[PDB]
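Note sheet for the following structure.
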Amino acid sequence: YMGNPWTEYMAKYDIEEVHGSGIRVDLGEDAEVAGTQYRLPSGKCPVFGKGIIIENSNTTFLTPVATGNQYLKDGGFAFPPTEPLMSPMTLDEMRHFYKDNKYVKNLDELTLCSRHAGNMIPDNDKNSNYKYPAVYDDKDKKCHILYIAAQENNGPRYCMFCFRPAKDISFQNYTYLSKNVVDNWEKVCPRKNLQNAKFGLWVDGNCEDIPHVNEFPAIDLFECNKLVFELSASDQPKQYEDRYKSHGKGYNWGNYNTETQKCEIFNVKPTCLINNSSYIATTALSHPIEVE
Amino acid sequence: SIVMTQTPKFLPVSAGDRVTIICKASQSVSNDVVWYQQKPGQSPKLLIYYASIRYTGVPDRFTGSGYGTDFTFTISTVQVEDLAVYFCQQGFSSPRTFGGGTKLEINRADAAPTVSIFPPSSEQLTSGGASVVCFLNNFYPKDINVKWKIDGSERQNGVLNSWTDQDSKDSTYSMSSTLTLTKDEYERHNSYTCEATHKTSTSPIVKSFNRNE
Amino acid sequence: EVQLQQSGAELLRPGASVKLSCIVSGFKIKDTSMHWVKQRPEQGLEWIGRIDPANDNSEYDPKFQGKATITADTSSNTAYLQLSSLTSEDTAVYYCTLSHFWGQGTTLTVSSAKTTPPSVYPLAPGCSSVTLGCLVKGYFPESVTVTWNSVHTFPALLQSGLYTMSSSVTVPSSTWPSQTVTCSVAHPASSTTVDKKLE
């Protein structure tokens, strides 16, 4: 039989290994701030296209949290406009801000944004390993530090803020970034979807079909990537309100048939590609639109 | 030591004019040039960095350009709020030297001073001194002449003048002329006159009092 | 939240020295260089130097070597400027910066003159709009606040030893002395507050 020539190529698709936390909801670490335990994002890969929908609201989640005379419901999730102003900060403002730091000034924009957010000290607690997550916007080139690290409050019992993670069309240029986003995510993490490609398993010198797949309609690639994201690794279950940490285990992958408009979703790590011209290979981490 | 030659030092402009400030670097500083605005009593705030990038929140009227040695700062149309001193700085090499600055004057219509004279207070003559103070408020332009008269004579000694910065609201100047002398000198003389000459009038604005009344 | 806090105004004699502090809260300084800038009364900005808090690598304008010492401590997120052999030339506001963000500055006054409580003298006209005032004499160091509870504040002049400033107020002549107005003079160095009623 043939040895697997897909090994290096396929490494970035071992989401359990390279991301290692939830995707839909990422809360894979714990940390104390001022005598209080908190769950927080800890995923090592950027989540392309992810944001938060606030339910029963017109206000965007990148809006600063309510402060002063503002009520919690009129604000969003972002750091409030205090001075010196650390958020929102553009790429070039960040590059300038860190200009005398050889490492930080040369980081890619997503890692830079993540490291910038990571320099905020929560309640000025230096005993704390807690670090805020961030959202990077490709269009404006803005890093928004998130004050609220919660990603879902969907409990029908009283659904205060009701909200959910989503890949909305208006979030396409956004990337959700945990404190742990790695330097070399471009080499080790998914980004663009794969044309002329279908994820499979290497068996007896050949790429074989993923044996267990759930199939749903999806009119385009973006709809399929959304469905995969909805089923992906998650560190809290939907509508809730440790064994609650996914560690990147989940329905993280999808094979998209562009011709039959079928999204084929699975929870086992792929080890090769089948080259089928009807298919695009997508991941919950991947950009919702971009193809390679 | 890289010298940053900022031009001009003083720049008068009407509210609506274009402001153009030039900064000349003695050596190549690439694109690493920042532009600052310092309003009266405040910390400098950054407007433009890397020669041409406007900081977030900075009004679109403010612009910077240039590369190498020749750097230019533009306010497309100066507004009342823009009254400040402006600095270039290079950050390409240490020492990170500033330009010498450009102080703006907001040009406006001519306004005659309101002159008022004040007698030395009784609880100051108990201390052993007597200061005759004269306020000249809300005038433009800054060129003002103040001559003191003591019984019709010409007092030059013991006179201290103090101008304010341009007003934040109406862009007018105000100043105090104080005649400082002993309570013995003040008791010996009777007439104290505050005479103010400005370009708005040919005859000076006179404001006096007698110690006799 | 991120905050920049500079130490309080310092009055010192020539030949002495001072350690100014710059406390950053809510932010790890190690990634960001920290600069000190000097501004003498009514003059331009002067870069003293900066520190790289990671290496403790600090550099200076050659003009300030052996006068200025810039230090930082990443565990306290604080930067310091030490000034040696104090001199009237060192009388200035000193700004610290967290990279391109500036502090509010610290006023340094260098003088052999001691702190003196201000005396206040009311300015009333002799026997539509009416102008009043207060003449603030015999105080040191520079920094007097005057409020009236139209308004002009005239810069202090160094009157042969102490400082002499004044403030004026312009009110309707129907409002005075129907409802009498007062001037309150605050001098933080001498820690004195004085209220003088105009008559």
Side-chain angles (χ1 to χ4, degrees), chain A residues 4-7 9-26 28 41-51 108-111 113-114 133-136 138 165-167 171-178 180-186 188-202 207 210 213 218 220-235 246-256 258 263-276 279-292:
Chain A
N4 194 354
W6 297 95
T7 306
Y9 177 104
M10 293 298 297
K12 65 174 54 60
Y13 304 113
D14 188 1
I15 285 170
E16 224 192 293
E17 178 72 5
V18 302
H19 180 70
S21 199
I23 296 162
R24 204 189 52 91
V25 183
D26 178 357
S42 69
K44 282 175 286 166
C45 294
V47 190
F48 297 92
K50 168 176 171 179
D108 66 272
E109 60 219 286
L110 308 188
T111 313
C113 179
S114 175
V135 166
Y136 190 77
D138 262 325
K167 293 204 184 181
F171 300 163
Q172 71 181 243
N173 302 318
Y174 296 170
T175 306
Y176 193 90
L177 311 164
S178 90
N180 279 351
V181 162
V182 294
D183 272 347
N184 62 346
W185 66 261
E186 298 178 52
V188 294
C189 295
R191 191 189 196 288
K192 293 186 195 191
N193 306 289
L194 310 163
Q195 306 174 296
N196 285 322
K198 193 190 184 190
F199 289 134
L201 298 176
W202 195 256
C207 200
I210 309 289
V213 139
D220 61 34
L221 172 64
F222 170 60
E223 296 303 328
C224 178
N225 181 264
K226 280 209 269 170
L227 294 190
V228 173
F229 175 83
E230 288 292 345
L231 295 174
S232 61
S234 185
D235 303 342
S246 78
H247 298 290
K249 296 188 186 87
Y251 285 81
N252 302 320
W253 308 264
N255 286 321
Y256 185 57
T258 69
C263 190
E264 297 159 23
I265 308 173
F266 59 96
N267 71 337
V268 87
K269 84 136 159 55
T271 55
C272 50
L273 292 188
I274 294 151
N275 296 110
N276 185 324
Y279 281 85
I280 302 175
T282 195
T283 265
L285 288 177
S286 313
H287 200 280
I289 287 165
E290 283 167 7
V291 285
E292 225 172 63

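Letters A, B, ... mirror the listed sequences (proteins, then strands); counts begin at 1. Scope of the values below: all heavy atoms of this structure, side chains included, with no hydrogens, waters or symmetry mates.
Expressed to the nearest 0.5 Å, how far CG of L285(A) lies from OG of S232(A) amounts to 7.5 Å. From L221(A), atom CG reaches atom SG of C263(A) across 8.5 Å, with rounding to the nearest 0.5 Å. In this structure, CD1 in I280(A) is found 11.5 Å from CZ in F199(A), a value given to the nearest 0.5 Å. Atom NZ of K12(A) is separated from atom OG of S286(A) by 10.5 Å, given to the nearest 0.5 angstrom. The CG atom of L273(A) lies 5.0 Å from the CE atom of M10(A); values are rounded to the nearest 0.5 Å. Distance CG/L194(A) to OG1/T283(A): 8.0 Å, rounded to 0.5 Å.
In this structure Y256(A) satisfies the ring-ring contact (aromatic ring centres under 6.0 Å, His included) test with no other residue, sequence neighbours excluded. For the side chain to side chain donor-acceptor pair (under 3.5 Å) test, residues two or more places apart in sequence or in another chain that qualify with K226(A) are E223(A). By the side chain to side chain donor-acceptor pair (under 3.5 Å) test, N225(A) is found to be paired with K167(A), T282(A), residues two or more places apart in sequence or in another chain being considered. Looking at residues two or more places apart in sequence or on another chain, you find no side chain to side chain donor-acceptor pair (under 3.5 Å) involving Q172(A). Not counting sequence neighbours, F229(A) has no partner by the ring-ring contact (aromatic ring centres under 6.0 Å, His included) test.
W253(A) places a side-chain N or O within 3.5 Å of a backbone atom of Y13(A) that can act as its donor or acceptor partner. Within the 3.5 Å criterion, the main-chain N or O of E290(A) finds a donor-acceptor partner in the side chain of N193(A). Checking side-chain atoms of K50(A) against main-chain N and O of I23(A) turns up a donor-acceptor pair under 3.5 Å. For the pair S178(A) (side chain) and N180(A) (backbone), a donor-acceptor distance under 3.5 Å is present. Side-chain atoms of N252(A) do not come within 3.5 Å of backbone N or O of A284(A) as any donor-acceptor pair.
Residues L110(A) and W185(A) form a side-chain contact, since some pair of their non-hydrogen atoms from C-beta on lies under 4.5 Å apart. For the pair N255(A) and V213(A), the minimum side-chain heavy-atom distance is 4.5 Å or more. Residues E264(A) and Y279(A) meet the side-chain proximity criterion, which asks for heavy atoms closer than 4.5 Å. Within the 4.5 Å cutoff, no side-chain heavy atoms of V135(A) are placed close to those of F171(A). Contact annotation: the side chain of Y176(A) approaches that of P41(A) to within less than 4.5 Å [non-hydrogen atoms, C-beta and beyond]. By the 4.5 Å heavy-atom criterion applied to side chains, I210(A) and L201(A) are counted as neighbours.
Every pair passing side-chain hydrogen bond (donor to acceptor under 3.5 Å, both in side chains) that includes a residue from residues 16-25 of chain A is listed here, sequence neighbours excluded: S21(A)-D26(A), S21(A)-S42(A), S21(A)-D235(A), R24(A)-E152(A), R24(A)-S234(A).
What you find for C189(A) and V182(A) is that their closest heavy atoms are SG-CG2, 4.5 Å. Looking at every heavy atom in both residues, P46(A) comes nearest to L177(A) through CB-CD2, 3.7 Å.
Between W202(A) and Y9(A), the distance separating the two ring centers is not shorter than 6.0 angstrom.
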